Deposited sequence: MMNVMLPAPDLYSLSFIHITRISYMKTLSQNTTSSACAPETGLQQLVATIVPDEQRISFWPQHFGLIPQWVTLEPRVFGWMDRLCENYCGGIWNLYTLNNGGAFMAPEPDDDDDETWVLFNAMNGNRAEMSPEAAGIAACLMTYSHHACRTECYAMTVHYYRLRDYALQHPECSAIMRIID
């Protein structure tokens, strides 16, 4: 509910993303990220990373999602996009959903290092685990490497 520091489970766990209802959309960022400095800027920062990564036209309609390990992210719904990261020189082709996961990972890791806020670090580890279980894990890990 609040992306608490307490783990729902330890050990091995099947991770699942669930769309945030339209009713609860507006409360998403403070509810899950409100302990982190500059949380109101995270959504703009994700779109910023997506613009850096996108080779030509990406676009889409973006939704908000929660994870059953306490994580949370934004992406288009689960057509392919080509991304390119200049920091590592890699190109990768992937679904709009996977691209969104990739943009959020980059956002969370960068912002954790800037703020030294462990709550941001935990969001990174939680989404990273979802990426590690994802059918397009190889492409996601390639682009963020």
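Mapping the modelled residues onto the deposited sequence reveals missing stretches at 1 to 31, 110 to 114.
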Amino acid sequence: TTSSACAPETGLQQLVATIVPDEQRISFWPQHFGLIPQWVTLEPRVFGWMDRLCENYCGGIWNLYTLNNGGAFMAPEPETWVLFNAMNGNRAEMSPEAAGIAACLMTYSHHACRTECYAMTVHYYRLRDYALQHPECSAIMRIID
From here on, numbers count along this sequence of modelled residues.
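Higher mean CA temperature factor, per the PDB entry, when comparing 52 to 60 with 105 to 113: 52 to 60.
Among the modelled residues of its chain, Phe28 has a C-alpha B-factor that falls in the middle third according to the deposited record. In this PDB entry, the Cα temperature factor of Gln133 sits in the bottom third of its chain's modelled residues, the lowest group. Sorting the modelled residues of the chain by their CA temperature factor places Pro96 in the lowest third. In the PDB entry, a CA B factor belonging to the lowest third of its chain's modelled residues is recorded for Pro44. Ranked by C-alpha B-factor against the other modelled residues of its chain, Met87 falls in the highest third.
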